[PDB]
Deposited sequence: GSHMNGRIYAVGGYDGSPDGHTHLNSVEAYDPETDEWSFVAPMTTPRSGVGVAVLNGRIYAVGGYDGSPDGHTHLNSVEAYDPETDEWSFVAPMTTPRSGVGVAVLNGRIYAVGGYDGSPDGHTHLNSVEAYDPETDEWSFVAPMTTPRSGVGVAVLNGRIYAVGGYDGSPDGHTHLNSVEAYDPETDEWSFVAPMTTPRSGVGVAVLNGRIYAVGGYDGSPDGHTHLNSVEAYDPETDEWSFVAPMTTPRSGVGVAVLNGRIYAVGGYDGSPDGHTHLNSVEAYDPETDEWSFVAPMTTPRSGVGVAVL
């Protein structure tokens, strides 16, 4: 029942290990325990009652830290094989998938899956297009890799969908606007691609997998690339990003098609990871 904003970069007048938690019922952000390693461009996902902070840039990181909210403690888990900043992370069928990113130790099309029951990462099928700054979300039994930057030199509007049952990636319909550093979340049977960089974007596009179509929805007030996006209590929250490095937070209600500001974080954060637990 909280949104966690994990790491990022405070470029206001620092790569962050700090973590803030938002309670929608009180409209308040509070600091929790910080991660060991500072991470900007970090991917964050939730599995089996832990937040996982995957990769990022401190050195480009293959390390992964897990947070237990019941104890307010972080601990390292097994590292990925490939270092990845600008990585997208999502959870499907009991695995965390780390998708793409940049290995500054290559823009990556490789994908690694983590099983918490074995504490092991393995490679699965790679995407067709390398993607750093990619948004990843899960809907109807597929992982969608949305946008990003292929520097193997294009900002991408293309979108690939992964089926774990076949271990295959397939292209779906592309977004209208190319978006790197895009935030992606899922609500009411649609994938929302929020902000990013084409021009720093306040526009938002929604994908219906049943029709294979993207449509624009209401734009955010503030343009945000490097934005973190998560879903809680029937709203999409767009957290931080770079317009100014932002500590502001906007909430989208799909039933009204409106964005509004909520309480800002204490620390401005671009390249921030955001998950709900």
- Unmodelled ranges, which are counted on the deposited sequence from position 1 and given in order: 1-5, 19-21, 67-72, 120-123, 171-173, 220-225, 271-276
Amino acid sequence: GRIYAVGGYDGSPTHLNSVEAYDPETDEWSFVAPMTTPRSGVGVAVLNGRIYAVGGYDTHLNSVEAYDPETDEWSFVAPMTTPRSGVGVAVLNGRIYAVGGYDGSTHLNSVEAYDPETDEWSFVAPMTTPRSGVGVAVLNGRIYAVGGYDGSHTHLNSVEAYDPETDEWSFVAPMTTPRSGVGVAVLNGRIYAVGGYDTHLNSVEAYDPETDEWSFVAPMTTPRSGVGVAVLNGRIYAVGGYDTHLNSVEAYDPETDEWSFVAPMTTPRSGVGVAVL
From here on, numbers count along this sequence of modelled residues.
- Out of 227-235 and 209-217, which one has CA B-factors that are higher on average in the deposited record? 209-217
- Taking the recorded C-alpha temperature factors, which stretch has the higher mean, 130-138 or 70-78? 70-78
- Tell me, please, which of 147, 189, 104, 100 has the highest C-alpha B factor according to the deposited entry? 104
- From the list 152, 170, 110, 158, select the residue with the highest C-alpha B factor recorded in the entry. 152
- Select lowest, middle or highest to describe the third in which the CA B-factor of residue 253 falls within its chain in this entry. middle
- Message: Where does the C-alpha B-factor of residue 259 rank in its chain, lowest, middle or highest third?
- Response: middle
- Query: Which third of the chain does residue 116 land in by C-alpha B-factor: lowest, middle or highest?
  - Reply: highest
- Item | Assigned third (lowest, middle, highest) for the C-alpha B factor of residue 38 | highest
- Task: Looking at the entry's B-factor column for C-alpha atoms only, identify whether residue 88 ranks in the lowest, middle or highest third of its chain.
- Result: lowest
